[PDB]
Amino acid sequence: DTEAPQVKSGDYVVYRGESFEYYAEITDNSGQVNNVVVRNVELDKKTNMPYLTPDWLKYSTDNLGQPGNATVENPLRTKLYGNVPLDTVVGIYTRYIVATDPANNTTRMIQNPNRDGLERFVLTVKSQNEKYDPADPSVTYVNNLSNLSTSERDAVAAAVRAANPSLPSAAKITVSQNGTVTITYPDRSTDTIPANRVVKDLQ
């Protein structure tokens, strides 16, 4: 056996403050894979060993080291998962999935976008606001569209929550002097709802 295992992955998106779960598929001409490693291409400048960042990106593979566990008909599944911290940066990470067969052939890491979705994958970390699309609330009637009272602002905030049960429980809903709504997600990103869908002049 001189053929390394092959990997089929994809483009993975995750969101701060949210959990994620993706599955990559691994095959080998022998039908058996003994190890799968998800890793940065470069070695940890300290231990001289492979590592994986971000530290919140985890992986696990069931049924390693068993005959017939990685056939083209029934590929081996590696789970990539985690909970994205609220405080991590938003950005892209390009990482590699490398598997080893009984002959100790291991998938090669090739730094080329033409390998994206195979053994190389791009993990996009977006802000939490990008997971949600706030819905307009039932309008609140106000005396003056240019100068909302405290109680009118409170009522708008409640109306926005009532119409958006899917929003993170810890999101903060604030309302400006003209009825503009800001939804501040736990990761501090924001969405806005324009006043003209939220408030109406009483008269």
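In this text, residue numbers run from 1 along the sequence as written.
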property	result
68-76 or 88-96, whichever carries the higher mean Cα B-factor	68-76
Between 27-35 and 166-174 (mean CA B-factor, as deposited), the higher	27-35
Candidate set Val122, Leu118, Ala103, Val125 [ranked by C-alpha B-factor, highest]	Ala103
B-factor third for the C-alpha atom of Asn147 within its chain	lowest
Chain-wide C-alpha B factor ranking for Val199, given as lowest, middle or highest third	lowest
CA B-factor ranking of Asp187, expressed as a third of its chain	middle
Assigned third (lowest, middle, highest) for the C-alpha B factor of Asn112	highest
Chain-wide C-alpha B factor ranking for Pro137, given as lowest, middle or highest third	lowest
